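Scroll down for the structure; my scribbles are underneath it.
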Amino acid sequence: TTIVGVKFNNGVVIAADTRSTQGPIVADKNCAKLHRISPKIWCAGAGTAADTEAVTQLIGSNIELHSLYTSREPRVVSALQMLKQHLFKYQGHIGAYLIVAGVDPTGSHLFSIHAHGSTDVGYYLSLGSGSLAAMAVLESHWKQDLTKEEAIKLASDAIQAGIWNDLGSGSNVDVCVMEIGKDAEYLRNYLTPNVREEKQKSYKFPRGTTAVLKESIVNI
Amino acid sequence: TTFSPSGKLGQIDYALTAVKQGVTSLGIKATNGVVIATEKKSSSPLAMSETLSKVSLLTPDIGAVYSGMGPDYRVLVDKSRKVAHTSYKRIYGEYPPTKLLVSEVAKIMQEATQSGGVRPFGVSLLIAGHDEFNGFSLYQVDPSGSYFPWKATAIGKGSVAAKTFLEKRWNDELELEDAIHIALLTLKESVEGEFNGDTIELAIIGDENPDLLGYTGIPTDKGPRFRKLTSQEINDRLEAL
Amino acid sequence: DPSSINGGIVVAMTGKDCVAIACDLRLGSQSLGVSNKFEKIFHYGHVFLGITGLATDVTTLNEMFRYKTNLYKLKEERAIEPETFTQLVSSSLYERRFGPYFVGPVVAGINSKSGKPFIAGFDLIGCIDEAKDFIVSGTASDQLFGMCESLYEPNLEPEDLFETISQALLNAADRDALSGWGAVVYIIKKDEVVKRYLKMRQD
Amino acid sequence: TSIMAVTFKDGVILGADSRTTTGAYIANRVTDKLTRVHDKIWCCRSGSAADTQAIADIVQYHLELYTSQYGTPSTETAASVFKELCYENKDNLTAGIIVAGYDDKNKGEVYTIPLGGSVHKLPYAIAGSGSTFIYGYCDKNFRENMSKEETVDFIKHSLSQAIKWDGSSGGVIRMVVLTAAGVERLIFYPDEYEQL
Amino acid sequence: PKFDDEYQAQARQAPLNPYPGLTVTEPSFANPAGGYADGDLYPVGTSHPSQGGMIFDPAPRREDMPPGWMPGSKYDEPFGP
Amino acid sequence: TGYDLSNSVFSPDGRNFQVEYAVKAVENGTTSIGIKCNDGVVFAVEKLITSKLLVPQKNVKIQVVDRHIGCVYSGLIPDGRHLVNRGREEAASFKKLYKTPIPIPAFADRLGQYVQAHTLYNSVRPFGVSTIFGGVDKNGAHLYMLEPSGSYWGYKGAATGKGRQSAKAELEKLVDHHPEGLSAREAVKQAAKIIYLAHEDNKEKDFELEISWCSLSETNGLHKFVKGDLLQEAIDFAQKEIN
Amino acid sequence: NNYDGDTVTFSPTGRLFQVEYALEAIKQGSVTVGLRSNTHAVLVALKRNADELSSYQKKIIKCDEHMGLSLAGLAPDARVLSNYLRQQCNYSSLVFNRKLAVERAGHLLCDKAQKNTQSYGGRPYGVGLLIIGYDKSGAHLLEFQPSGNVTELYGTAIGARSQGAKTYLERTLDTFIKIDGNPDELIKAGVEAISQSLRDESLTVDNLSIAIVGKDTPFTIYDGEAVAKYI
Amino acid sequence: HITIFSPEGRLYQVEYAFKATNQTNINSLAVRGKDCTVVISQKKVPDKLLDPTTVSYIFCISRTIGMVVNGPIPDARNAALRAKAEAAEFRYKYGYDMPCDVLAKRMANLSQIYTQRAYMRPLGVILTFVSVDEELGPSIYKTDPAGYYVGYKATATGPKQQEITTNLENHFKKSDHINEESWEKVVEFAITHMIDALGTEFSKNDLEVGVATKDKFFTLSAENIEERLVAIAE
Amino acid sequence: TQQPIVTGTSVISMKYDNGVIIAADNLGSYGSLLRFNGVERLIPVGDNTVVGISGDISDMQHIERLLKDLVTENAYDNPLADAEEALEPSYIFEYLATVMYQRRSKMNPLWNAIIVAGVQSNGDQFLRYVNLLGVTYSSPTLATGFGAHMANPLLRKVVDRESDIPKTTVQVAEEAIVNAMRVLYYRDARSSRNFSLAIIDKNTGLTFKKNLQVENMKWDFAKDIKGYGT
Amino acid sequence: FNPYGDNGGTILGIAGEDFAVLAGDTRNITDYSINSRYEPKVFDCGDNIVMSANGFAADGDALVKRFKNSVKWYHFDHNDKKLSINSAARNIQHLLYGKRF
């Protein structure tokens, strides 16, 4: 997996690839990895995938409840605190590693959370098996006060580096742009650099090729 | 809370009396939406009435209004939100339909009606909501936990007059804006004091509102169907009235 | 290994407007084959759930989902849809995060309202693997992935969908030691379901 | 990691490096290891990051409640809370912490809480994997009642050597100066402290 | 001299049950300890008296995988190599 | 009256009648006083000699908490012992979490919360004692008086019990006469005189005077009992001022 | 009145009726006398028999070699309080090798008894106890009452008609406290005091029970033939 | 005798709890400036043996939130301790300083809990929270024993609540926040409303003043009160 | 606690004709790193008792807090607590031993070895040892850690049996203790030059000589050694 | 953490007509070091019984203290009556087996 977060002059952009693998096999070529904790708080996780899903679901539900209770837009730090306390309570057995980015009345925030409950502030972050390849590009090309377009290009290209140079990362690039003044822009399959090679032949079988012993109609 | 010799639950009738002492609240079903309305009283001219909304969101498709004791409504509402998330959405990945959430709220209020050491809630709710399967819905939930669906209904001190007015006005072919017009007229006829966009408040369960979704780029997600009408939106209609 | 002890296969595919889910019938204890009637495909209304892995967990989850889906049907007055059922299965699997069932489920069905084919897969602890083309689980996951990738193509009509899925399952099972003894293929449509038993090698 | 705290004539200067590593990989090269547990009380995190951050949040909660109920705490109260939390969970926890703060009655104070969970007042304290390389330098160069500039230069040189020798220490040298005047953030970049 | 692991990212998890939850594979249940006097209870002191076919092909050990890893679950390495 | 057979009740006037009936129990207790010094606080209490069988100078009624807090009370004596026990364990807990001895204001807060808690539930009786307590901490000397209702204030001088009115009048005259404040040595004798004057309206029975005090100078900040030479000096001073 | 029936209710005058009736419970019981010198402490008890065919109640409970007590009022409450005192002294011995000081024991019983007088559902102990013991600080004698009050005393008498015994003890206070080097005269004074509380009855080898503890005397109870020399 | 419905639908016990709020016989005022919020409350020291510094009803709940209580001081201190615990809990649990109105809401919910469970009596106190919110600016939130709460443009409470309320209403209608430029000016303004409405001139000992400002709520000492009073006399 | 991290090495003590002498160095070592040199491991608990502690320093501070709480709670409702019914060495040792054994039984042991030295009110010397396992014993001389091997023979050469105690004066015992400190400094790698010494005497009470130096070191023979073999 | 040790002591009980003898050495040990020359491990238990709990010293002390408590409670209940040797044996059996694991 390859995630990157990139803060820019007026927001933060979080990007990820879409390949999902079980063992050395590509279980899904177009897995969506960016998850809403809120309309303007988005996360993407590594490690035990099921734990990332369950924990993000829990935190999103609790945060929407709290936002309704307080009648205030969620703070990114609220999600950070709740997530890190929950992960710490289990002493890392939840195994959820996340990059959480979002926008709130206090500004644009980019954090990372580790399974044992430690967190980090950052201006550019990377995660997953492709973390090193993406971080190489981020280090080479990141600068203070990137524009939104430069930020999107930089995040997309770091994810592309992870895609090209890591086996556990591939297919398409998902991008989500959070900006201070307006709604988040989720860009599903922002880049599609890995279109499918065409079949040399159509391997459809003539009907009747299979041998059938019995046939029945099921009363559903 | 125990049966009296006549078979009535003793303290529930007192909760109903407390509800009757509450301010008028309304609900009207159009063919393409639902309106819920209520007047909001003020403790003093200095109090910021805009701080408190008697209408509240339970789920992006469900909204609630009440007549009776306000604090009871507030605690019942956050209990309702908690159950709607923990008990249904945490499992099925979707918000409970109006029928299911109404049932859970009725259960919450009925537990107090069937448990010692606690008095029943002193609020009657009108829970408007929408479903992909049941369609639009409007339910009145009483202190006893008894809930029944209504085409249009009114609760509070103006209950009987508002009900007799709705019985005249309601018809099977109302659109949402006609329902809003009827609700405005009915609630104006029941408000004894000043009537303007700040004393009245409205909410509608209508078509999708992607402008309120807060994010873009997901075609599948639709956005809240519940939305409150701002003071200016209500003033516009009262001026056009 | 609890997942490899009993073997078994499940594969699901989406046609143009229909889905197909198929499984092998072998049940055994590693080397020894015990029964040829352990059907791993269960249905709850119009949604079909195939489960590979430890057979005790397969049966336990069949009972659990029968109970939960019957209660859903009664108190909702409507059958559980494939998406809602997928969420229910995911939540139920994660409930035992630290004591998990050693199973891989596979959901297949057609959403009654939209009429759109739907299939999804899972890991031991409820990682949703929603996919648009086909889902694979069992001891022959590798064989089935390769075979379905080679054969499957979009918008297969029910007859060609049957042929493709049956050939994929047959050729995948013939190369898996712990799978076989016949297979059953369900062809699921908006208004009917066809169950067919395939002839194959009995070794 | 290279943590350091040095009391001086007008208060205490707390300093640290910014490099965090996961094995040989520098997972974060500009991290801030100094934490404000209270207005004039700052702690430094060493050992497990998760344990140190949990302890810091619990101590912030306890000291906020103490401030609201009993008035402003001293550095000693903060370090005592640290001590109780670390000791009652010493088997689970793996955190060593330096607590530095300024109170007018005591001026600058420094307590160090090694991995065992004991409490020690010291004129100065060094912690982290990089401290091992500057025990001799700090011992031979520390002086009582240094001036602010002397203390800043002393901490700069000490952390410079610690960063030079420890692969797990590096990045910018950050310091917080606690004094009656206030709290001052200071940052010194590699080309500044490496050319000493 | 070891490197610092502040996040415990490289932290690795009696012997471990190969398949958690199943007591039938629990080490203390798969191989229970004998009674202190089993030597006097049974004559010889004991209450009691593979994979890969013809082809040489060439799972992880729960004791060196991270705590969050569940055997057979989908897991993505958080930090890479 | 009504509305006074239960503890957790407000009467139509908004009055917790059971708390007031508990207060009336304090009004039947023996007089106890406290006085703040320039650098300390002094406690004194009447001990009525019901009979000659009582062992003199062994049935103590002033109690220490931790080491720097002194407590004295009037009313249902076992209730005061219960309150002092709770205060002791609260001080122990505070000294366990933190390390400084519990500040007198913090201890007063703890005791006020405990006593007020007993006025919340139908299932528990209010405290039948009004307790005078204080001590020395980093911010000098403090003196507090805590009522059955859980209310408490910081006092310059406090008096509770049957003779509370005359003791209060004499404490007012005391603080008026000594605008520059009292020393510990002066205040011991002064409190002895105040207690002796307090008994004069309760003189139907004999009594024993018990005095205690804490000071930065004369105890180095620790609570101690008046004994021997100083005790007798105070007794002669009080009797001379009465004669 | 309406405030009598609950332990957690003050009367309008601030009285706890439910505890004063516990005091009446001791006023129901038979007399037991206690007195001390600087070196010895003595208990004297007039036992009761339900019928001419029935044996007498044991009114002296031995804790251990340095401490013991007597009863007045409800015997089962005495059982409970005495076993709690035993638990406390035993705990002190195990955890500190320390003889539980008699004042410490008195205040522990005070604290335990106070709890019943404040929390609902509990009943005040309808028994009063006289506790004697000898420790590093000399001989002691304590008076315990249901209200929780515990008092250290030279001598006292609790139970029916104990006022005469207390009057005699007050009269002779200056004498019996002087008794030194021998327990005989102290026991004689105790039996003389208890004799003041007898009406239509007299001290006899079966009615009377005597106990003593002191420097040279581990807690011993004299009864039957042993008490014949004092009657 | 307990919090249950009378046949009229009224909770007589809660109504009695309201009446307990006037036992202390002290009045309070809260006003919002452009950038600050101010509290004025009467300090009545009936006994000369009291230490006036310890007689207080204004409470520092957090760095930003101050609270003012009318009613018995034991219940006021219980509520203040509970509010402090809630604020620390929120700061720990959600990672940022507690909003003033959200604290008002949880305190109202907690008070409502007593209004429904017969196990415990309601607190006979009315709480007034004041803050300069991080987002919403100056805030005043009065809370009732019934569990009812609402934000205010200005607030007065106590036996003579109505007179202060009338004066505030007249001032606002003749002019939502006070146009003064510094917190001292608005403190003086509120003191003048206390002087006019109550028809009484206060000594520096009779007044308590709590001023809420960005990242600081603080209570004025006696000499600061004297400064404000002389500025009024100026 | 399962493993000691920061530790104080050794404590020695012996009883002489009128009381007990006990000493301990002021160094707490973090492994082989002589990290903290200002630690005080002799804990007075009265004019008649001093407690020497070894092992984990954090557990030592916990035990010191326990002793402070003992002293505090003994004075409650105890008007005689300052002259009789005061805490004897026996009571302190018994409480400590009970706590140590209980912690052992719960598999959460205090990794300390504690020597409680003092004099009972009857004048009899008290000197007993207790370790993490709850093992307790008394002897005319006691030592902990390397003291049990290095120092203890030296002290036993002075008072080998109970019959030798009345023959041993203050000066003889103090010289023996100081010589034992010098030897332990020579041969114990965890030891320090600075040590504290406390004397409890039935007549003159507790004397507490802090920060003493090891003196009269012998090193001048080292100049003749020329390495291994040749 | 190994919670057990061996303090190297020996005890010896001999019985015959008219008498019973319980003898044991006073040496106390830890590994190869002598802890103390005179630590009695045979105790006069009162009631004309003698007890010893040789072995691991801490457990010996604990068991002896527990038996003292039990016999004293027996005296509390059964009117200070003499405890028999068989009753003591059963008491100690129940003490020992109370910690079977």
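Chain labels follow the order of the structure tokens: the first chain is A, the next B, and so on; residue numbering restarts at 1 in every chain, and ligands are counted from 1 in their shown order.
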
Members of region 28-184 of chain D assigned strand (DSSP E or B) by DSSP, as an NGL selection string: :D and (28 or 34-38 or 41-47 or 95-103 or 107-113 or 120-121 or 124-127 or 173-179 or 183-184)

Cut-off 8 Å: closest chain E/chain C atom pairs per residue, using only C-alpha atoms, as a Markdown table:
| residue | atom | partner | partner_atom | distance |
| --- | --- | --- | --- | --- |
| E:19 | CA | C:1 | CA | 7.7 |
| E:20 | CA | C:99 | CA | 6.2 |
| E:21 | CA | C:99 | CA | 4.1 |
| E:22 | CA | C:99 | CA | 7.5 |
| E:72 | CA | C:124 | CA | 6.8 |
| E:73 | CA | C:123 | CA | 5.8 |
| E:74 | CA | C:123 | CA | 6.7 |

Could you save those same residues with N, CA and C atoms as an mmCIF file, in the first residue's frame?
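Saved result, result06.cif, follows:
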data_model
loop_
_atom_site.group_PDB
_atom_site.id
_atom_site.type_symbol
_atom_site.label_atom_id
_atom_site.label_comp_id
_atom_site.auth_asym_id
_atom_site.auth_seq_id
_atom_site.Cartn_x
_atom_site.Cartn_y
_atom_site.Cartn_z
ATOM 1 N N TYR E 19 -2.879 -20.520 16.017
ATOM 2 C CA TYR E 19 -4.157 -20.058 15.483
ATOM 3 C C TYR E 19 -4.981 -19.545 16.655
ATOM 4 N N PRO E 20 -4.922 -18.242 16.941
ATOM 5 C CA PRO E 20 -5.535 -17.735 18.175
ATOM 6 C C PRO E 20 -7.035 -17.978 18.216
ATOM 7 N N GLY E 21 -7.542 -18.173 19.428
ATOM 8 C CA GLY E 21 -8.945 -18.461 19.672
ATOM 9 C C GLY E 21 -9.244 -19.936 19.849
ATOM 10 N N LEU E 22 -8.580 -20.789 19.074
ATOM 11 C CA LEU E 22 -8.802 -22.230 19.142
ATOM 12 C C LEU E 22 -7.999 -22.805 20.300
ATOM 13 N N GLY E 72 -3.533 -15.446 8.631
ATOM 14 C CA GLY E 72 -4.474 -15.598 7.543
ATOM 15 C C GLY E 72 -5.265 -14.355 7.196
ATOM 16 N N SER E 73 -5.058 -13.252 7.909
ATOM 17 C CA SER E 73 -5.755 -12.011 7.612
ATOM 18 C C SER E 73 -4.962 -11.178 6.610
ATOM 19 N N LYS E 74 -5.658 -10.248 5.960
ATOM 20 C CA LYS E 74 -5.012 -9.339 5.026
ATOM 21 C C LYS E 74 -4.216 -8.298 5.802
#

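A straight line drawn from CA of residue 128 (chain I) to CA of residue 147 (chain I) is 14.9 Å long.
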
Closest-contact table, chain D side, partner chain E, 8 Å, counting only C-alpha atoms, as CSV:
residue,atom,partner,partner_atom,distance
D:1,CA,E:4,CA,7.5
D:20,CA,E:6,CA,6.8
D:21,CA,E:5,CA,5.9
D:22,CA,E:5,CA,4.6
D:23,CA,E:3,CA,5.4
D:24,CA,E:3,CA,6.7
D:46,CA,E:6,CA,8.0
D:47,CA,E:6,CA,6.1
D:48,CA,E:6,CA,4.8
D:49,CA,E:6,CA,4.8
D:50,CA,E:7,CA,6.4
D:129,CA,E:4,CA,7.4
D:167,CA,E:3,CA,7.5
D:168,CA,E:4,CA,6.0

Store the residues picked out above, limited to C-alpha atoms, as a compact mmCIF listing (two decimals), in the first residue's frame.
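Heads up, here's the output in result28.txt:
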# COMPACT_ATOMS: atom_id res chain seq x y z
CA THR D 1 17.20 10.56 20.91
CA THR D 20 12.77 10.01 15.16
CA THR D 21 13.69 6.63 13.70
CA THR D 22 12.09 3.22 13.15
CA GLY D 23 15.20 1.09 12.92
CA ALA D 24 17.57 2.61 10.38
CA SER D 46 12.17 9.31 25.72
CA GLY D 47 11.68 5.61 25.13
CA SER D 48 8.43 4.35 23.65
CA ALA D 49 6.57 7.14 21.86
CA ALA D 50 3.14 5.67 22.59
CA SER D 129 20.26 7.02 23.30
CA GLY D 167 22.72 7.62 14.51
CA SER D 168 19.33 7.80 16.24

At a cut-off of 7 Å, using only C-alpha atoms, what residues contact residue 216 (chain F)? Leave out same-chain residues fewer than 4 positions from it and give the result as a ChimeraX atom specification. /F:39-40,136,220-221

When you look at region 84-101 of chain J with a cut-off of 12 Å (counting only C-alpha atoms), what residues show up, excluding the ones that are within fewer than 2 positions of it in the same chain? I need them as an NGL selection string. (:E and (35-36)) or (:I and (105)) or (:J and (20 or 45-53 or 59-60 or 62-75 or 81-82))

Identify which of the residues B:87, B:231, B:42, B:53 lies closest to residue 74 (chain B), counting only C-alpha atoms when measuring atom-to-atom distances.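 So, comparing all the options, the nearest one is B:53.
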
Could you give me, as a PDB file with N, CA and C atoms, in the first residue's frame, the residues within 12 Å of residue 183 (chain I), counting only C-alpha atoms and dropping anything in the same chain fewer than 6 positions from it?
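After the write, part04.pdb holds the following:
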ATOM      1  N   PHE I 146      26.911  -7.924  47.401  1.00  0.00           N
ATOM      2  CA  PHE I 146      28.304  -8.319  47.582  1.00  0.00           C
ATOM      3  C   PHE I 146      28.751  -8.214  49.032  1.00  0.00           C
ATOM      4  N   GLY I 147      28.050  -7.436  49.854  1.00  0.00           N
ATOM      5  CA  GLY I 147      28.387  -7.390  51.264  1.00  0.00           C
ATOM      6  C   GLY I 147      28.230  -8.734  51.943  1.00  0.00           C
ATOM      7  N   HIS I 149      29.069 -11.473  50.944  1.00  0.00           N
ATOM      8  CA  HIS I 149      30.255 -12.275  50.673  1.00  0.00           C
ATOM      9  C   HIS I 149      31.541 -11.554  51.053  1.00  0.00           C
ATOM     10  N   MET I 150      31.708 -10.309  50.603  1.00  0.00           N
ATOM     11  CA  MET I 150      32.930  -9.567  50.888  1.00  0.00           C
ATOM     12  C   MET I 150      32.942  -9.034  52.314  1.00  0.00           C
ATOM     13  N   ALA I 151      31.947  -8.222  52.668  1.00  0.00           N
ATOM     14  CA  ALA I 151      31.974  -7.514  53.942  1.00  0.00           C
ATOM     15  C   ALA I 151      31.659  -8.432  55.115  1.00  0.00           C
ATOM     16  N   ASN I 152      30.681  -9.317  54.956  1.00  0.00           N
ATOM     17  CA  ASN I 152      30.176 -10.077  56.094  1.00  0.00           C
ATOM     18  C   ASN I 152      31.257 -10.889  56.798  1.00  0.00           C
ATOM     19  N   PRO I 153      32.193 -11.550  56.106  1.00  0.00           N
ATOM     20  CA  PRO I 153      33.310 -12.183  56.829  1.00  0.00           C
ATOM     21  C   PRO I 153      34.102 -11.216  57.693  1.00  0.00           C
ATOM     22  N   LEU I 154      34.344 -10.001  57.197  1.00  0.00           N
ATOM     23  CA  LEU I 154      35.107  -9.029  57.970  1.00  0.00           C
ATOM     24  C   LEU I 154      34.378  -8.654  59.252  1.00  0.00           C
ATOM     25  N   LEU I 155      33.065  -8.432  59.165  1.00  0.00           N
ATOM     26  CA  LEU I 155      32.292  -8.114  60.358  1.00  0.00           C
ATOM     27  C   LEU I 155      32.216  -9.304  61.305  1.00  0.00           C
ATOM     28  N   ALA I 176      35.406  -1.540  61.960  1.00  0.00           N
ATOM     29  CA  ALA I 176      35.075  -2.704  61.144  1.00  0.00           C
ATOM     30  C   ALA I 176      34.196  -2.312  59.963  1.00  0.00           C
ATOM     31  N   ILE I 177      33.190  -1.473  60.211  1.00  0.00           N
ATOM     32  CA  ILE I 177      32.279  -1.061  59.147  1.00  0.00           C
ATOM     33  C   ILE I 177      33.021  -0.259  58.084  1.00  0.00           C
ATOM     34  N   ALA I 189      32.312  -3.694  41.805  1.00  0.00           N
ATOM     35  CA  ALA I 189      32.283  -2.773  40.674  1.00  0.00           C
ATOM     36  C   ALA I 189      31.102  -1.816  40.734  1.00  0.00           C
ATOM     37  N   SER I 191      30.038  -0.311  43.473  1.00  0.00           N
ATOM     38  CA  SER I 191      30.150   0.487  44.683  1.00  0.00           C
ATOM     39  C   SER I 191      30.723   1.865  44.376  1.00  0.00           C
ATOM     40  N   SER I 192      30.666   2.736  45.382  1.00  0.00           N
ATOM     41  CA  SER I 192      31.080   4.123  45.249  1.00  0.00           C
ATOM     42  C   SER I 192      31.965   4.536  46.418  1.00  0.00           C
ATOM     43  N   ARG I 193      32.721   5.615  46.202  1.00  0.00           N
ATOM     44  CA  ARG I 193      33.590   6.151  47.244  1.00  0.00           C
ATOM     45  C   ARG I 193      32.794   6.767  48.388  1.00  0.00           C
ATOM     46  N   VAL I 214      35.560   7.029  51.455  1.00  0.00           N
ATOM     47  CA  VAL I 214      36.488   5.921  51.633  1.00  0.00           C
ATOM     48  C   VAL I 214      37.905   6.472  51.608  1.00  0.00           C
ATOM     49  N   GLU I 215      38.680   6.161  52.644  1.00  0.00           N
ATOM     50  CA  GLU I 215      39.995   6.754  52.830  1.00  0.00           C
ATOM     51  C   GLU I 215      41.018   5.649  53.038  1.00  0.00           C
ATOM     52  N   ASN I 216      42.288   6.048  53.066  1.00  0.00           N
ATOM     53  CA  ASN I 216      43.395   5.116  53.273  1.00  0.00           C
ATOM     54  C   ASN I 216      43.387   4.011  52.221  1.00  0.00           C
ATOM     55  N   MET I 217      43.082   4.384  50.981  1.00  0.00           N
ATOM     56  CA  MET I 217      43.176   3.440  49.877  1.00  0.00           C
ATOM     57  C   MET I 217      44.632   3.056  49.644  1.00  0.00           C
ATOM     58  N   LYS I 218      44.850   1.814  49.224  1.00  0.00           N
ATOM     59  CA  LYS I 218      46.186   1.307  48.934  1.00  0.00           C
ATOM     60  C   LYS I 218      46.266   0.995  47.445  1.00  0.00           C
TER      61      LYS I 218
END

Write out as number ranges by chain which residues come within 12 Å of region 139-149 of chain A when counting only C-alpha atoms, dropping same-chain ones fewer than 3 positions away. A: 4-14, 123-126, 131-136, 152-158, 176-180, 185; D: 28-29

I'd like to know which of H:60, H:4, H:207, H:50 is closest to chain D, using only C-alpha atoms.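 Under the stated criterion, the closest residue is H:60.
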
For residue 177 (chain B): contacts at 10 Å, only C-alpha atoms, fewer than 3 positions along chain excluded, given as a PyMOL selection string: chain B and resi 30+32-35+174+180-183+204+237

Take the residues from that selection and put them in a file with N, CA, C and O atoms, as an mmCIF file, in the first residue's frame.
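The resulting file, selection-v3.cif, is shown below:
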data_model
loop_
_atom_site.group_PDB
_atom_site.id
_atom_site.type_symbol
_atom_site.label_atom_id
_atom_site.label_comp_id
_atom_site.auth_asym_id
_atom_site.auth_seq_id
_atom_site.Cartn_x
_atom_site.Cartn_y
_atom_site.Cartn_z
ATOM 1 N N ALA B 30 -46.517 15.812 2.691
ATOM 2 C CA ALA B 30 -46.848 15.989 1.289
ATOM 3 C C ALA B 30 -46.502 14.711 0.530
ATOM 4 O O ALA B 30 -45.868 13.795 1.062
ATOM 5 N N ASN B 32 -44.378 14.506 -1.781
ATOM 6 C CA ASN B 32 -42.954 14.547 -2.087
ATOM 7 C C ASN B 32 -42.122 15.124 -0.944
ATOM 8 O O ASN B 32 -40.994 15.570 -1.174
ATOM 9 N N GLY B 33 -42.645 15.128 0.276
ATOM 10 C CA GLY B 33 -41.869 15.628 1.396
ATOM 11 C C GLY B 33 -42.694 15.662 2.662
ATOM 12 O O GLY B 33 -43.880 15.320 2.672
ATOM 13 N N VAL B 34 -42.037 16.084 3.741
ATOM 14 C CA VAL B 34 -42.649 16.190 5.059
ATOM 15 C C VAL B 34 -42.199 17.494 5.699
ATOM 16 O O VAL B 34 -41.030 17.878 5.591
ATOM 17 N N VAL B 35 -43.125 18.172 6.368
ATOM 18 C CA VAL B 35 -42.846 19.420 7.070
ATOM 19 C C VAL B 35 -43.106 19.214 8.552
ATOM 20 O O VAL B 35 -44.101 18.590 8.939
ATOM 21 N N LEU B 174 -50.951 17.065 -2.062
ATOM 22 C CA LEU B 174 -50.112 18.185 -1.657
ATOM 23 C C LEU B 174 -48.672 17.972 -2.101
ATOM 24 O O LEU B 174 -48.107 16.889 -1.927
ATOM 25 N N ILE B 180 -45.777 23.308 3.233
ATOM 26 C CA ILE B 180 -45.150 24.393 3.983
ATOM 27 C C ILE B 180 -46.126 25.549 4.154
ATOM 28 O O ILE B 180 -46.211 26.153 5.228
ATOM 29 N N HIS B 181 -46.863 25.886 3.095
ATOM 30 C CA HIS B 181 -47.865 26.942 3.202
ATOM 31 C C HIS B 181 -48.904 26.609 4.267
ATOM 32 O O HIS B 181 -49.235 27.450 5.116
ATOM 33 N N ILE B 182 -49.424 25.381 4.241
ATOM 34 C CA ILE B 182 -50.444 24.986 5.207
ATOM 35 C C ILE B 182 -49.876 25.001 6.619
ATOM 36 O O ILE B 182 -50.549 25.419 7.566
ATOM 37 N N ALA B 183 -48.637 24.534 6.788
ATOM 38 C CA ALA B 183 -48.015 24.533 8.107
ATOM 39 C C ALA B 183 -47.837 25.952 8.627
ATOM 40 O O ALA B 183 -48.111 26.235 9.799
ATOM 41 N N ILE B 204 -37.693 20.365 6.855
ATOM 42 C CA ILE B 204 -38.332 19.592 5.801
ATOM 43 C C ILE B 204 -37.539 18.317 5.557
ATOM 44 O O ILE B 204 -36.305 18.314 5.568
ATOM 45 N N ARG B 237 -40.881 33.354 3.016
ATOM 46 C CA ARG B 237 -42.184 32.737 2.803
ATOM 47 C C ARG B 237 -43.286 33.516 3.508
ATOM 48 O O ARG B 237 -44.394 33.652 2.977
#

CA of residue 170 (chain C) to CA of residue 120 (chain C), distance in Å rounded to a single decimal: 21.3 Å
